[PDB]
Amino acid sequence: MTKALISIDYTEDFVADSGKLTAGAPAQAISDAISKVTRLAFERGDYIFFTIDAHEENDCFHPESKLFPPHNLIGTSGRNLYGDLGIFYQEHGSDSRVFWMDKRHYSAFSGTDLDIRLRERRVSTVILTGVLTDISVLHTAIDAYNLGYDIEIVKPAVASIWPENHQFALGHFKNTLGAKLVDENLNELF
């Protein structure tokens, strides 16, 4: 069956050394795996959803503005996809199976039309990749669970700034959400 891979916030501001809200080394370490798994999913016929923070510096009505420094600002290089994943987007961004969705909350579902697009395509399984494991990925996974999706987490293609938080989230995915943990070849991990 055809699935959907969700690419969560893997942008310059979350990954690069000078990124405004960078997760640093652990985020950079998944660059090869996240691009590889995305290409693999696309090649086999899956839908690809880039779900990307789209913030505005002067937005005092957003509770998040008080919690983190400005990041992924609309019209800035901070929103550019990091590494070879960006090259994949140059090659296939205009394809009918590839989507770019701006989001304001951590979850890829919140205030977006992600659920609608998935339901149009009768997709029952989402495959999650990106950063941070315990924030945008976690919120997306919980929303996916409540919306009745089967969930796959690409373990080597998610990362957090805190190793303990990364480990909590992975445990939560498997034990509470019943997610399948998979590698960069989309093979289950035992």
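In case it trips you up, residue 1 is the first one in the sequence shown, and so on.
On mean Cα temperature factor in this entry, is 102 to 110 or 85 to 93 the higher one? Of 85 to 93 and 102 to 110, the stretch with the higher C-alpha B-factor average is 85 to 93.
Should the higher mean CA B-factor in the entry be assigned to 136 to 144 or to 160 to 168? Between 160 to 168 and 136 to 144, it is 160 to 168 that shows the higher mean C-alpha B-factor.
Based on the PDB record, which member of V123, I151, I48, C60 exhibits the highest Cα temperature factor? Among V123, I151, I48, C60, the PDB entry lists the largest C-alpha B-factor for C60.
Please place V131 in the lowest, middle or highest third of its chain according to the CA B-factor in the PDB entry. Lowest third, going by the recorded CA B-factors of the chain.
Which third, lowest, middle or highest, does the C-alpha temperature factor of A16 belong to within its own chain? As the PDB entry reports it, the C-alpha B-factor of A16 lands in the highest third of its chain.
For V182, the third of its chain into which the C-alpha B factor falls: According to the entry, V182 has a C-alpha B-factor in the chain's middle third.
Ranked by Cα temperature factor within the chain, is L5 in the lowest third, the middle third or the highest third? It falls in the bottom third of the chain.
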